[PDB]
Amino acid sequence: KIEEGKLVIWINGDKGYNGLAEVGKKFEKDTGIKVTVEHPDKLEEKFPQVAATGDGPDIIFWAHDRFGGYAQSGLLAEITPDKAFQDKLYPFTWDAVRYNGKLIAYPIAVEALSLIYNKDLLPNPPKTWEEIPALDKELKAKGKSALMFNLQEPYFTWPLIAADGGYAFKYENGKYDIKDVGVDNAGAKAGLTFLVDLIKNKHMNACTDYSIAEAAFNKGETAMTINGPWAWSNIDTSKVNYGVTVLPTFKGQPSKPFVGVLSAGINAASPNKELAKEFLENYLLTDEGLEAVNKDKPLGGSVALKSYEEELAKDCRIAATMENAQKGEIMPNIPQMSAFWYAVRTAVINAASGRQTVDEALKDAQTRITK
């Protein structure tokens, strides 16, 4: 079970859990309350499993898209931020964590993928996906590749799929229509086909994952990668001179990354919702709390806390992140998002490996999602 008198927090392994732990230390120093920050694997799947039985951490961190499903299952406590505290955050961020209008989590920061390039290898990154193959050819001769990014999580390929028309759920009458899905439409198939062609042509490898792509970029083997702000810290420690910019266009349209808002929810079965609410509202969501997390791993292109965001939008990488966010779309938080990601994950992995054709893979995904 979840014992009272302390705080357990789950946050994904790619975020600043050491910096969050630092906010935890300051919390314990002030209240005597113990804070344990953990980053277990398959976090987004682990939480509804362990919390379905009544255990798990007291606070759960993840992008806002997974929260509607948690809420749907009664896994989250409606949060109780008073108007004063709500005033401290941008309205569209609270909106991201509204499930049927009610606040079900605290928003922390806005995330969007950008094109990250090695300035020594490519001082002038490509403006289009279509020029990437020629680029790879030229770089291959010197033992480098043009681009490597995680092909095992659809989040990373989605910008390309959405670029010429692909979409998850259509928004209509102030609501997402769970039967109007755009995963198998002409634009989605065109984007995924381009990706498969990159692989067929040996410009990318279907097996590439988050670790393989990060190591290749950080060791200077590949000129470009696609990743979010959280990844900048590790690049900073490498010897790579890099830039962060607008994603390549596809068929003349902007890549459209799905925008996520890192959010913190409170376990419905928690014996200490009070200590949770104070930790999040009075420690984490302060200029000092965010600085401590941000200092370990960048929080995103913008933060939900107005006082801190003013400072943040001070540089080119942040600018690039928000420019890509503006061309993308905020993710829905509906309960069907889990199904959408599962089906699209399988489709991209199957098309990339040749297990299914793009048309088979996406048709199947569309059916799985809507049946």
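Residues carry their position along the shown sequence, with the first being 1.
For the two regions 136-144 and 185-193, the entry's Cα B-factors average higher over 136-144. Here the stretch with the larger average CA B-factor, out of 210-218 and 264-272, is 264-272. Among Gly228, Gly101, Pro107, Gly166, the highest C-alpha B-factor in the deposited entry belongs to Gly101. The PDB entry gives the largest Cα B-factor of the residues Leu113, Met204, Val97, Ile79 to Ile79. Per the PDB record, residue ranking by Cα B-factor puts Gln72 in the highest third of the chain. Ranked within its chain, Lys127 lands in the middle third, by CA B factor from the PDB record. Sorting the modelled residues of the chain by their CA temperature factor places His39 in the highest third. In the PDB entry, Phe85 places in the highest third of its chain by CA B-factor.
Among the modelled residues of its chain, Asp180 has a C-alpha B-factor that falls in the lowest third, as given in the PDB entry.
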